[PDB]
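Shown here is one chain on its own, the form deposited in one PDB entry, set out as structure tokens.
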């Protein structure tokens, strides 16, 4: 029932988040380990395009602090967008 490009894209991002968050527990958050697996499965084949290796490495490092904490949808979206801005030709040129 998504009726615009933005709604279709958001539905895809929710569905991917839920594929990892929906196995058990609270569906509204990912564990740090669930998030690491998602990012590698969904974005791993563009990491090599990064314009800032240190910044991308820092992302996978910060997901080892608060190891027992959670990642909500806003934090997830922000990280996907950060990786996209480091790796996608629209922003890298």
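Residue numbers count along the first chain shown, from 1. Whichever C-alpha set is largest while still superposing within 1.5 Å between the two forms counts as the rigid core.
Of the two segments examined, 33-41 and 49-57, it is 49-57 that shows the higher average Cα temperature factor in the deposited entry. For the pair 15-23 and 66-74, the mean B factor over Cα atoms is greater in 66-74. In this PDB entry, the Cα temperature factor of residue 92 sits in the top third of its chain's modelled residues, the highest group.
Same protein, other form: the form deposited in another entry, not shown, and the subject of what follows.
With the core held fixed between this form and the one not shown, residue 37 has its Cα displaced by under 2 Å. Distance between the C-alpha atoms of residue 24 and residue 35: shorter by at least 3 Å in the other form than in the displayed form. In the other form, the separation between the C-alpha atoms of residue 48 and residue 84 grows by 3 Å or more relative to the displayed form.
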